[PDB]
Structure formats: structure tokens, C-alpha cells
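Chemist: Quick check, what structure comes out for this input:
(chains A, B, C, D, E, F, G, H, I and J, ligands or ions: 5)
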Amino acid sequence: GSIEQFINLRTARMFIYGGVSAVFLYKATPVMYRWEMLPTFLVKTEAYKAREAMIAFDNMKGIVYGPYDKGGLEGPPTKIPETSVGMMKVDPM
Amino acid sequence: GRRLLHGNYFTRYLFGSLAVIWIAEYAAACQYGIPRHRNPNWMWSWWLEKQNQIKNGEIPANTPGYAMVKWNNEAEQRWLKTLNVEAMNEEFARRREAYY
Amino acid sequence: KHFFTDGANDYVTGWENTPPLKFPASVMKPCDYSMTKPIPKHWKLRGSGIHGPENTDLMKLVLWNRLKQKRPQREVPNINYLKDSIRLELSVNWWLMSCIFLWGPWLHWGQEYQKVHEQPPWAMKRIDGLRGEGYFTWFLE
Amino acid sequence: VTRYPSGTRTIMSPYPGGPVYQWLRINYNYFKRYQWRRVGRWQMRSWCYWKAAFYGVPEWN
Amino acid sequence: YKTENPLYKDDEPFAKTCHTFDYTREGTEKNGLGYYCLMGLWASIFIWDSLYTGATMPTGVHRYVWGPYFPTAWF
Amino acid sequence: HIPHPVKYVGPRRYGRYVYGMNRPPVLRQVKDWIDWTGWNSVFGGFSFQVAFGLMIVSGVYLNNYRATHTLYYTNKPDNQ
Amino acid sequence: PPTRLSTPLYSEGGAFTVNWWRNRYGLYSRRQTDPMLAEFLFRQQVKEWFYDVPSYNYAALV
Amino acid sequence: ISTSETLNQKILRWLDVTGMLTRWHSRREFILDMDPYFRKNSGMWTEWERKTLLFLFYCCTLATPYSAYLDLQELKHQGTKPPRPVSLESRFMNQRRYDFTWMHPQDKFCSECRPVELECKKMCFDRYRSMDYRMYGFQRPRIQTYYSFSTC
Amino acid sequence: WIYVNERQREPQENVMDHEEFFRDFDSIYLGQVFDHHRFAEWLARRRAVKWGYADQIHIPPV
Amino acid sequence: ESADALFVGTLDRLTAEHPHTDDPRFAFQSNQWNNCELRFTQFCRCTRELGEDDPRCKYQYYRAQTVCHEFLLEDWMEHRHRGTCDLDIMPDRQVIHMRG
Ligand SMILES: CCCCCCCCCCCCCCCCCC(=O)OC[C@H](COP(=O)([O-])OCC(O)COP(=O)([O-])OC[C@@H](COC(=O)CCCCCCCCCCCCCCCCC)OC(=O)CCCCCCCCCCCCCCCCC)OC(=O)CCCCCCCCCCCCCCCCC
Ligand SMILES: CCCCCCCCCCCCCCCCCC(=O)OC[C@H](COP(=O)([O-])OCC[N+](C)(C)C)OC(=O)CCCCCCCCCCCCCCCCC
Ligand SMILES: CCCCCCCC/C=C/CCCCCCCC(=O)OC[C@H](COP(=O)(O)OCCN)OC(=O)CCCCCCC/C=C/CCCCCCCC
Ligand SMILES: CCCCCCCCCCCCCCCC(=O)OC[C@H](COP(=O)(O)O)OC(=O)CCCCCCCCCCCCCCC
Ligand SMILES: CCCCCCCCCCCCCCCC(=O)OC[C@H](COP(=O)(O)O)OC(=O)CCCCCCCCCCCCCCC
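Modeler: Numbers count the residues shown, from 1 in each chain, chains lettered A, B, ... in the order given. Ligands and ions are numbered 1, 2, ... in the order given. Okay, here it is:
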């Protein structure tokens, strides 16, 4: 009593539909976050941060000059061939 | 306008054949009692035990498998001379601090 | 239809075994004299009797199959025929739409998930300690 | 009813469009019909693989 | 006068002659319910084989009210 | 084949385009278009991708989630 | 096997019958140019191949 | 901003900048965009056939940009493809009965290198250059050339 | 033209040491997807080290 | 002791007690190549766990010889010593799940 003034078709259609949505997002958003469905720019998951924290761009090791590692103790060649030194046509700095 | 094949021949014989293949395979598995549970892992028991020790913290992280065997080949002896797990862990720790 | 068939999809010459249904039987009818009544004995064979243009229906079929090649307007076929004419074209176009708006989105999601969790979202996480993405079609494992 | 040159006036809106819009519409119409299609007409007529098979064959009397 | 749009007219019938084409009794015009039952079973087997991975390895222990020779003891 | 009637029951003409006035809603127009051009091509074209996608993505629950709680010899923790 | 085109041929319903075979036999045929001739050639083939008793032995073997 | 049109009309006008929508909603405009030789056969087309053709054509041309985007990403991926571990030479790996010469039966360039083994050929070309024999390729840094798809 | 334009460029580093790769698997194997511009710059510097032109080129900052 | 003890424990035991008989996993086929490769892999895994000197691993080599011709074993045993045998790479340095 005294709420009937509010109760109305438009006030009801936006109350059932809108409320149904309020629960659809409140219950689905955590699942999307867990399954990496949310956009990365909007938010990064903890799993995303854990993997990204392991990435760096300063490793300059492991350069080899052969297609195969044929075992042994010597390993693949690691020294640039003499005939290849100074064979690059690099534009002047 | 006269038809030679089934009106929906392409979908019929494509999806239909796939269905018969799948159903026949299930029947074959039942008759031979084949285990149907998919395992994506290797079954080397000693190895899986070493992996649990790493997950439990008994073996330090990023320790190579050749650092744990009782026989090493020549190439793994070469690697052991340059292996420093402690340094590797410190480097990873530094990266995490920088990221956060 | 794409493939040419002499009997049904004869577009090279446009030959049709029977006349149009629009024509009255008194004007033109399919060449079928299988129901001809027995010939009286006092009748005498004048023509060859050989199946050919001496028969009125066959003659009219040949004549029409040549004079039908010029017409004032198009004989609009119904929508059922038009759909069948380009059935493959339309189906391939819808296949392209499916590949862009159905296959595309979930394939992208799988790769992004793989980036973080090492394996696709539809695979069993391994514990063997091997590294890499692994299989993609899980039902063929 | 006023008839405009083909491809020059839109039927989607009562407003013909602004200067930039009109320039784009008019000039694309010109480019397609009198510049781009020069290549297609040249390939279709001057370099027909089927016309070349009948080159040097007498006329059909 | 009255006319019919040709695009919505019905397909013309085959001519009735000594050589008449008839597809009515073939039942090959479209996929039937049986085909869709095959698709449903395929989906079912696919889901079942994955959901219940111990079905192919059943238990030999059986009680069976009314013994083994009663009809409900075979399914 | 078997001669059959045209199954399109929608509106045969919207009238002359006059700046997009007196025309159906967009979704109604999309539905009428597919009715006019045939749903068989839509179902046929999308069927292959729908099947492949449903099977692959179904593994998210059938192969991954379920499996996490499938191994009967995993729930048991050691030293407990 | 009837010898008069007026006498119809019995056909079962299904995907391999006399009616099913008639619909497809002349699809690629340049010789079946009218109903009378088409039916004559159709019955000629049916008489020769399907009313031949020994032919059924090979059907079993295949 | 023009207020002489509705918002929907404005959007459709701009999508009609090339006249695509106008040709769809006007048969006369579509036939008068055909070159005269082919316009001769236009009167026979049904409206079903015309709009279906435009639909197939429009769907194709509107997906070409998407394929172009997918192809550019592919080129960038290949342009910066991550290094992979050097293959250990297993029991049945790198078996050779004779040198690789099927590409150059008489010249026999890079007999030891495989047909598309770019790093082996580069070092082999360097030997030939050091021997006063010119060979083409493998000299410009990737980031200093156009169309490399390896620039930051 | 595709072939010629590619042949001029130095070869990309297809392979690295087997051991060093697995000691930094995550960075190398996944670096591209997480940040492609920095991964591209890192690759360029490695090419400059593998072919001995590092002191002759200035690699643009990312 | 039990009559079915051989089948119990492993399928491997059957040929371990009867070295010159068919292995249950390969008796259906005359070609025994796959049998040789399994036996060699088992010798490789034994040494990693127990060492070369262990009598068990020495017998796992005798079992491998029973089905593997000498020319194959010598080649595969050299690859193993170098560290290039694909049947002996430690599991954490395998590439089978990478790039696909
Ligand atoms: C509360 C709920 C809780 C959950 C409950 C879950 C319950 C299960 C849910 C799943 C659903 C189960 C459904 C069961 C019953 C289904 C009944 C049904 O409707 O099926 C029929 C339905 C459609 O069949 P239809 O009725 O015969 O089609 C009607 C047509 O409209 C008839 O018209 P039409 O035949 O005239 O059609 C047009 C036709 C017209 O065509 C012609 O005229 C004939 C032409 C033939 C010759 C063609 C020539 C060659 C092609 C030339 C063009 C090439 C273009 C492309 C080039 C590509 C280049 C790379 O054109 C075509 O179709 C072909 C041409 C179009 C382009 C083809 C493109 C290539 C295709 C081949 C490759 C396909 C694989 C691609 C893979 C990816 C890429 C590698 O099929 C399916 O739905 C598929 C099977 C479904 C059942 C199995 C599902 C298994 C997995 C279920 C997992 C679900 C999740 C479980 C979760 C559990 C959690 C606990
Ligand atoms: C995101 C990456 C991809 C981006 C690129 C995507 C490329 C594909 C884009 C295709 C657009 C095609 C436009 C056609 C031209 C329309 C012209 C027009 O205004 O028409 C007005 C006309 C006006 O109607 P009318 O006047 O023609 O009416 C004809 C006469 N009667 C009334 C008898 C029917 O109506 C239409 O719009 C008709 C065309 C509707 C076509 C709808 C096609 C949808 C394509 C996308 C599929 C999405 C699938 C998603 C997954 C589904 C899973 C099941
Ligand atoms: C009251 C009822 C309300 C109902 C509302 C329903 C809303 C439904 C919304 C669905 C949104 C779906 C979004 C999908 C986004 C996918 C983006 C994506 O992956 O883009 C990249 C991807 C390709 O990526 P690559 O880098 O090449 O990697 C994969 C191949 N190697 O591109 C594509 O897949 C292109 C296609 C994008 C399709 C986007 C689909 C959007 C659908 C919106 C539907 C809205 C419905 C609203 C209904 C309202 C009813 C009242
Ligand atoms: C060369 C290789 C080709 C590809 C592989 C071929 C595989 C074999 C051939 C398959 C061809 C199928 C084509 C499609 C035909 C089609 O859809 O055919 C469709 C028909 C129905 O015809 P309609 O469309 O007219 O209804 O399907 C049926 O007849 C079955 C109806 C549904 C039955 C449901 C229950 C089935 C139970 C099965 C139990 C099996 C137990 C087995 C124990 C050992
Ligand atoms: C080219 C012309 C071809 C003509 C057709 C040739 C068909 C030949 C079939 C011969 C079959 C004989 C063996 C039967 C199985 C047997 O004894 O097999 C013996 C075994 C074991 O019997 P016991 O254990 O009791 O000793 O039987 C079974 O375990 C069950 C057998 C079921 C057989 C069903 C499948 C075959 C059905 C055949 C129907 C048509 C028969 C026609 C006969 C002329």
C-alpha cells in the first residue's frame, strides 16, 4: 500500500528485466574473469600477471651457427666464421 | 529439372558418416573393455614423483631433469658445468619485483 | 545447376523432350502414340512408318525446340529454381560468415587462454612437466 | 520528378551531403567510370584470349 | 485483368507420358527423422563417452531383483 | 525432384525507398531476407562450423573441468 | 517383360526401383530425345540387364 | 552537423558514399552503373537475382579487409618468429646419401646446405664472396629494409 | 618481387642453443604474444650480435 | 608364486621371465620393431633411475638384445651416449608439445 503509484508496466519491465540482468552480470562476471574472457586492457588476471612477470627482453645467450646439436661435449659451433665477419651492408649510423 | 542424388546428399553423407564412425567406435571400445579416460601425461612413475617433489618444494624450482638422474649423457655433462639453479631463481625473483 | 546433363540440365542446346504445359493438347502435346488404336486392315501404309518427323508430335517438337530460341521477354522462373541455381554460392557465403563470427571468436579466446595457462581452455592441464601448448583437438586424443 | 546524373546524388537521405561528402561521391563515380575502368576495358577488348584464336582466320561468309 | 507474380508460382509438374518421372515414392527429397535421430545419438555418444569414462569398464557385481532370468535384468 | 510451392510467406514488396520511411524493423528485414533467399543455405553453411566449434568448446567442461574431478585417485592427498 | 509401351511397368517405392532407375538412366543420354524413344530405350536396357537370370549371380558376388 | 536529416539517414548516407546502398535500392541506378555493353542484358534480370548478386558481391568485398587484417598479422608473426631450440640429431634425423644439388645441377651452389636453409646459405655465400665470387642476398639488416615486417 | 625483397634481408635466427632456450622458456616462447614490439627489438639486437654489426647499427628504442 | 603373477604387477614381467617368447603387447604382429623400441626405452629409463652398474639395468639391456639386432643397438647406443637419442631425452627438455 502506497507503492502502487510506482508499480507500472514500464516500472515493472525495467524491474524484472533489469533485475534479471543485475544477477546475470553479478554471477557471470567472476566466471569470465577466471576464464580469461574479459578484455586485457580493462583488467589483468592474477594468472596473467604471474606469467607476464616471468618475461624479459635482455637474454643474449645461446647464439649458435649450426642447424643441429650433434651431442658430445663440444656442442654446436658458437664462434662466427671468419669469412662472415664484416659481410653486412649496414647503412651509416 | 531432374534430381540424381539425395536432396541433402552433401550434409547427409558427411555428418551421417561421422556419426556412424563415432558410434561404431564406442561399440568397439565396449566390446574390448578399453579404458576411455584420457590421460595427457607421461606414465614414467619415478619422473612424476620427482615432479611432485618440485611442486612440494622438496626439489628447487627450475632444477633440470638431468640434475636429478643417476646417469648423465655427454651433452648433459656439458650442461651441468654451466648450470646454476640458484642464480636462475634469483633472476626470476628480480623480474617479479620489477613487474610489480 | 552447374554440371551439364543432356537429359535435365541441357543448357548448351536447350533441347526439351516435351512441349510446354501451357500449350493446349490441340496445339501441341508430348510425342506419345503408344495408345493408338489398332489400324483397320483396309488401311494401307503410305509413309515409312519409321519413328521420325512424319509423326506430327515429333515434328512439332523439333520445330518448337528451334523457334523457342527467340522470345520477346524472359520466362521468369519461380524462387525455388533461383535458389537452386546458386545454392552452393549462398552456402559458401554463409560458411564464410560462420568462419569469421563463430570460428574466429573462440579460436582467439583459446589462444589468449593458452598464453596464460600454457594449454588451451578445452584441454587437460598436464603434470608431467613437459612444456608447450600441446594438442588442440581434444576429442582426437 | 527531377532526375540527377547517375551515381551523383544519394537516395538514402533528403540532404545531399556536405562539401567533402559530395566531393567524395562525385569523384569516386568519375574514377570508377572513366579512370579505373580504362584498365578493364583495355584488357577485355585489346587482350582477349579468344579473339586471338581467330586472328588470321578468314571471315565467315 | 488479374495476374500472378511469376516468382511465387508453383513448380511445374513432370509431363505425364509413357516416360514419366516420379520422385514422390522415393523419399530421398530431404533428410528424415531417422537422420536426425542419428545426429542426436552421435551427440549423445560424444557427450556420454566423455562424461562417464568408466562405463566401458563396468562392475561385474550384480544383484538383480527377481533373479537374472527376469526381463528387467537384461537392461 | 518433387515439384513444390514457394514457401516464402513474408511481404513481397516494401514499396519504393523514400529516405527509409515506412519500412519494417531491421531485424524483421533480416528475417524476411533469409526467408526470401532460403534458410537451407544458412543451416547448411553454418552447420560445419557449429559442429566443430561445439565439439572443441565442449571440452572446456567435458575434458577440462570434469576431468579435474574425474581422476578417482587424485582427491586422496598424501600424508593425510 | 511387356512388349507394348502402353502396358506400364510395375515399380516399388524406394531408392532402387524401376521408377528411380528411369529418372536417372537418361540424365546423360543424347539418344532419349522424346517420350516414345526414351521409354523404348529404357525398357530395352531393363530387359537386357535386369531380366537376365545369370546377371543376378554377379550381384551376389559383388 | 546537418540537422536536415535524421540520425539514421545520416549514417546510411555516409555508408552510401560509394553508392552501394543506392544501387541496392534503385534498379535504374544499378543498371546505369553498368558499362553500356552489359546494360543491354540487364532488362532480363529478376530483382531476386539482382539483389542476391549484390549481396554475394557485398559480403565478399566487405570480408576482404578482414582477410587483409588476418594476413598482415600473419606476416608480422613470421617477421618476428621466436627462436626455437637447436634440434638434437636423433637416430633418424639429418640423414644424407648425397649432397643437395637438384636446384643447381651444374653450378652446385651450397651443396651442403638444404634448399631453404637460409642461415647455412648465408655463411656459404660469405665463403664464396671471400673467394672473389659474388652471390646475392643475406647482407642487409632486416630493420633497415622495407616490407620486412620486423620493425618495432 | 616477394622472393627478391626477402632474399636481400639477413636470415632471422631460426634456432638458438637447446639448453639456453629451456632455461628461459617462458620469456622466449611467450615473449612475442605478451609484447611484440619489445620482442621485435630484442630479436634485432640478437641478430646484430650474431652477425657482428652491433657497433655499426643504432637499434631504435622501443 | 601365484600362477598369474607374471601378468600381475606389469605386462613387462612376462618376457622378463621368458625372454625368448612373444610379448603380450606385440604378439599379434610378426613385425617386432615396435617391441625393440619399447625394450630400448625401458633400458634407457632404468639407467636414469638406477645407474648402469645395477644388475636390473644390465638385464634390461639383455632383454633389449633379445629383440633388437646388434647393428641397430650400436647406432642407438651411440646416440644415447652423445645425448641425442630421442627415446632418452629427459622429459622436461622434450619439444613434443611445442608449436603444436
Ligand atoms: C539445457 C541444455 C544443456 C546442454 C545440452 C547439450 C545437448 C547437445 C548439444 C549439441 C547439439 C546436438 C544436436 C543433435 C541433433 C542434431 C540434429 C540436426 O539438426 O543435425 C543436422 C545439422 C544440419 O544437417 P542438415 O539438416 O542435413 O542440414 C540442412 C541443410 O539446410 C540442407 O540444405 P542443403 O543440403 O541444400 O545445404 C546447403 C548445401 C548446398 O550444397 C550443395 O548444393 C551441395 C554441394 C556439395 C559439393 C560441394 C563442392 C565443394 C565445395 C566448394 C566450396 C568450398 C568453399 C569453402 C572453401 C574452403 C577453403 C579452405 O551446402 C553445404 O552444406 C556445403 C557447401 C557450403 C560450404 C562448405 C564448406 C566446407 C565444408 C566441409 C568441411 C567441414 C569441416 C570444416 C572444419 C573447419 C575448417 C577446416 O547438422 C548438425 O547439427 C551437425 C551434427 C550435430 C550432432 C553432433 C554433435 C556432436 C557434438 C555435440 C557437443 C555439444 C556440447 C555438449 C556439452 C555437454 C556438457 C555436459
Ligand atoms: C568482424 C570481422 C568481419 C567483418 C566483415 C564481415 C563481412 C560480412 C558482412 C556482410 C554484410 C552483407 C550486406 C548485404 C547488403 C545489405 C543491403 C541492404 O541494406 O539491404 C536492405 C534490405 C532491404 O530489403 P529488400 O528491399 O531487399 O527486400 C527484398 C524483398 N522482400 C521484402 C520480398 C524480401 O534488407 C536487408 O538488409 C537484406 C539483407 C540481409 C542480409 C543479412 C546478412 C547477415 C550477414 C552476417 C551474418 C552473421 C552471422 C553470425 C553468426 C550466426 C550464427 C547462426
Ligand atoms: C535483452 C537481451 C540482451 C542480449 C545481449 C547479448 C549480447 C551478446 C554479445 C556477444 C559478444 C561477442 C563478442 C565476441 C568478440 C570476439 C573478438 C575477437 O576475438 O576478435 C578477434 C577475432 C580474430 O582474432 P585473431 O587475432 O585473428 O585470433 C583468432 C584467429 N587466430 O575476430 C573475430 O573473431 C571477428 C568476429 C568478431 C565477432 C564479434 C561478435 C559480436 C556479437 C555481438 C552480439 C550482440 C547481440 C545483442 C542482442 C540484444 C538482444 C536484445
Ligand atoms: C569410405 C569411407 C566413407 C566414410 C565412412 C563410412 C562409414 C560407414 C557408412 C556410413 C554412411 C552413413 C551415411 C548417412 C546415412 C543416414 O544418415 O541415413 C539416415 C537414415 C534414416 O533415413 P531418413 O533420413 O529417411 O530418416 O538413418 C537410419 O537409417 C538410422 C536412423 C536412426 C537410428 C538411431 C539408432 C541407431 C542405433 C545404432 C546402434 C549400433 C550398434 C553397433 C554395435 C556393433
Ligand atoms: C557368391 C555367392 C555367395 C553366396 C553366399 C555365401 C554365404 C556363405 C556363408 C556361410 C557361413 C557358414 C558359417 C556360419 C558360421 C559358423 O559356422 O560359425 C561357427 C561359430 C561357432 O560355432 P560352435 O561354437 O557352435 O562350434 O558360430 C558362432 O559362433 C556364431 C555364428 C553366427 C553367424 C552369423 C553370421 C553369418 C550368417 C550367414 C547367413 C547366410 C548363410 C548362407 C549359407 C549358404
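
Chemist: Please, where are all the helices along chain B?
Modeler: Along chain B, counting by DSSP state H, helices occupy B:9-32, B:45-56, B:74-80, B:85-99.

Chemist: do chain C as well
Modeler: Under DSSP H, chain C gives helices at C:56-67, C:79-85, C:87-98, C:104-117.

Chemist: For burial, what's the neighbour tally of residue A:7?
Modeler: Counted by other CB atoms under 10 Å in any protein chain shown, the residues lying close to residue A:7 total 9. To be clear about C-beta, it is placed using only N, CA and C from the backbone, and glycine gets the same treatment.

Chemist: Which one of the helices of chain C lies nearest to ligand 2?
Modeler: helix C:87-98 (4.1 Å; CB to the nearest ligand atom).

Chemist: buried ones in that closest one?
Modeler: For helix C:87-98, the neighbour count (16 or more other CB atoms under 10 Å in any protein chain shown) marks C:87, C:90-91, C:93-98 as buried.

Chemist: nearest to residue H:19, of the residues you listed?
Modeler: Nearest to residue H:19 among those is residue C:93, at 22.0 Å by CB to CB.

Chemist: thinking that closest one is in contact with residue F:44, fair?
Modeler: No. Between residue C:93 and residue F:44 there is no contact under CB atoms under 8 Å: 11.1 Å.

Chemist: What parts of chain I come near chain A?
Modeler: I:10, I:13-21, I:24, I:26-28, I:30-31, I:34-35, I:38-39, I:41-42, I:45-46, I:49-53, I:56-58 (CB under 8 Å from any CB of the partner chain).

Chemist: buried subset of these?
Modeler: I:10, I:13, I:15-21, I:24, I:26-28, I:30-31, I:34-35, I:38-39, I:41-42, I:46, I:50-51, I:53, I:57.

Chemist: one step back: just put the buried residues of helix C:87-98 in TSV and tack on distance to ligand 2.
Modeler: Formatted as TSV, those follow (distance: CB to the nearest ligand atom, whole Å):
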residue	distance to ligand 2
C:87	17
C:90	11
C:91	13
C:93	9
C:94	7
C:95	11
C:96	8
C:97	4
C:98	6
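
Chemist: Dead centre of chain C: give me the residue that sits there.
Modeler: Residue closest to the average C-alpha location in chain C (CA atoms, centre = their mean): residue C:1, at 3.9 Å.

Chemist: just to revisit the earlier point, okay, and which of the buried ones among the residues of chain I next to chain A map to helices?
Modeler: Judged by DSSP H, the subset of those located in helices is I:18-21, I:26-28, I:30-31, I:34, I:38-39, I:41-42, I:46, I:50.

Chemist: Restricting to those residues, which residues neighbour chain H?
Modeler: Among these, proximity to chain H is found for I:18, I:21, I:28, I:31, I:38-39, I:41, I:46 (CB under 8 Å from any CB).

Chemist: which SSE is residue H:138 in?
Modeler: For residue H:138, there is no host helix or strand (DSSP states H and E).

Chemist: pull the longest helix from the chain.
Modeler: Unless you meant another one, I'm taking chain A. Ranked by number of residues, the top helix in chain A under DSSP H is helix A:9-34.

Chemist: Please refer instead to chain J.
Modeler: When chain J is parsed with DSSP H, its longest helix is helix J:33-50.

Chemist: what does chain D give?
Modeler: Scanning chain D for the longest helix, with DSSP H as the assignment, gives helix D:19-30.

Chemist: In contact with the residue in chain B positioned nearest to chain A, which residues?
Modeler: The minimum distance from chain B to chain A, using CB to the nearest CB, falls at residue B:99 (3.8 Å). Listed by CB atoms under 8 Å, 6 or more residues apart in numbering or on different chains, the contact partners of residue B:99 are A:49, A:52-53.

Chemist: Which of those fall within strands?
Modeler: Residues of the contacts of residue B:99 located in strands (DSSP state E): none.

Chemist: So which of these wins on neighbours?
Modeler: Of all the contacts of residue B:99, the highest neighbour tally under other CB under 10 Å goes to residue A:52, namely 19 neighbours.

Chemist: Can you tell me, leaving aside adjacent residues, what's nearest to that one?
Modeler: residue I:34 (5.5 Å; CB to CB, 6 or more residues apart in numbering or on different chains).
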